[PDB]
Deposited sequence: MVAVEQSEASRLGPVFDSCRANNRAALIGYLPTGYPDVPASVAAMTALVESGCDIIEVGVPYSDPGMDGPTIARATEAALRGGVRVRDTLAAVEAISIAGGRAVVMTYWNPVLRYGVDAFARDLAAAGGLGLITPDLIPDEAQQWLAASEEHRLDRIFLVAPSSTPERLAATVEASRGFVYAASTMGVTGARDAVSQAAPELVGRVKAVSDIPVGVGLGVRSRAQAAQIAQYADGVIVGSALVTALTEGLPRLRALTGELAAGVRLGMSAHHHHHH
């Protein structure tokens, strides 16, 4: 019927603002610290938490996250730690989705991972290297276990593929990346009313405010990793500023 992240975006349009979607990778700088950091995100105003599964070859990730996830793997992070982080986030009141490359899901079992993600309180899956063309197992598991499926669109997406990608998505669509970011959201807005998250290397309250004027959600990841590296107090402050920026529009 309705998406799991629906109420979150509805509450944000009611409060005349965009959602703050924060990414942190599990196990950086260690599993307990990362979970303490993700809890801090919930308390500091993050509407949605993206729990990142560290991957050995993250070609889509920039240098900040790639080095953090690489340090997490040197520390021994396992996929089960991400499910434990989702549970800790749900228990603390937050709303958690998981962002992962697809092979860790394949190795886990697509159905079994959706089952365990749901049981942990997870609400959806962001799949940067899974396109709908290969998403047969995931569409079935997404429906069975009532999980949102957040696919990515790009500025280079053909009209046909953008339509098929939006149609296959539940919860929101990740508009991954100048006027290219608003143009991409507009092309999504022309075919569906599904919320649109925009990731754009957001670093400051002002940049979050700019994106809040046209996007349903503002996605911050690299900046949160950089902040946590300086210290947990620095992460708390930056998140508070980002929570202010999404309210200005």
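> What's missing from the model if you number the deposited sequence from 1?
Missing from the model are residues 1 to 7, 185 to 195, 268 to 276.
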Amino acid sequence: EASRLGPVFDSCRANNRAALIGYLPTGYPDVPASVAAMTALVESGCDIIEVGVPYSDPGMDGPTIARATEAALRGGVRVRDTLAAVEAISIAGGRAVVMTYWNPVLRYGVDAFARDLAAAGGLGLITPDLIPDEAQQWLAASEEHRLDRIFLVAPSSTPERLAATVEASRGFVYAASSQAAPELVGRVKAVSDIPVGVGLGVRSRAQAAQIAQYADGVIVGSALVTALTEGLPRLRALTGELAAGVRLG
From here on, numbers count along this sequence of modelled residues.
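> Name the higher of the two by mean Cα B-factor in the PDB entry, 233 to 241 versus 21 to 29.
233 to 241 has the higher mean C-alpha B-factor.
> With respect to the recorded C-alpha B factors, which stretch has the higher mean value, 88 to 96 or 120 to 128?
It is 88 to 96.
> Would you mind finding, among 194, 53, 49, 36, the residue with the largest C-alpha temperature factor in the entry?
Highest C-alpha B-factor among the listed options: 194.
> When the deposited Cα B-factors of this chain's modelled residues are ordered and cut into thirds, is residue 170 in the lowest, the middle or the highest one?
As the PDB entry reports it, the C-alpha B-factor of residue 170 lands in the middle third of its chain.
> Among all modelled residues of this chain, ranked by Cα B factor, put residue 207 in the bottom, middle or top third, i.e. lowest, middle or highest.
Its C-alpha B-factor belongs to the highest third of this chain's values.
> Could you tell me which third, lowest, middle or highest, the C-alpha B-factor of residue 201 occupies within its chain?
Residue 201: CA B-factor falls in the highest third of its chain.
> Sorting by Cα B-factor within the chain, modelled residues only, which third would residue 163 end up in: lowest, middle or highest?
Middle third, going by the recorded CA B-factors of the chain.
> Considering only modelled residues of the same chain, in which third does the CA B-factor of residue 213 rank: lowest, middle or highest?
Highest third of the chain for residue 213's C-alpha B-factor.
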